[PDB]
């Protein structure tokens, strides 16, 4: 009988088109006592819009129970604390976990695009790189598009702590060497709390 609390996705807390949520995951609920009660608080005050999902029996016949609380973008961004209180027959006393956005002076990402190495141009596919550095906190989102159409064949490294106490990451979009060589325009867009409008986008093409 144990509890985990997860934060919203960074893109969700940043885009008004999205709905962010905090999630409370209880594992190893006994089959003998699958009843689980969730009480949620925001800065100490009780809210009631949480929703419990259909429980999931595990291979060993224990249950897994998830509670999901939609939150306000601005409450998460301004540092409110989200507390989940978990209740079950099997528990001596109820369990509490709390979560909140990472504190510290925010710092605006710098965003640079880098073209394929010349040695890479012998291959069928090439590598378009975006360097994102200097940002704080680590919560960030990254996508790629080409003339407004989404790309999918990209991989973005987890943020990594740099030598000045800010974070950095690289995102690599893989594309057919043909599309690169015939001058198609690629764009990486980055979403972060410290950018004007929570986003910027930087373009890359053959010159």
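Residue numbers count along the first chain shown, from 1.
The deposited model assigns a higher average Cα B-factor to 142-150 than to the other stretch when 142-150 and 156-164 are compared. Looking at 191-199 and 20-28 together, the entry lists the larger mean B-factor for 20-28, computed on C-alpha atoms. Out of 113, 88, 127, 78, the entry records its largest CA B-factor for 88.
Compared with the other modelled residues of the chain, the Cα B-factor recorded for residue 99 ranks in the lowest third.
Remark: residue 36 belongs to the highest third of its chain, ranked by C-alpha B-factor as recorded. Ranked against the other modelled residues of its chain, the C-alpha B-factor of residue 70 as given in the entry falls in the middle third. Among all modelled residues in its chain, residue 83 ranks in the middle third by Cα B-factor. The PDB entry assigns residue 178 a C-alpha temperature factor belonging to the highest third of its chain's modelled residues.
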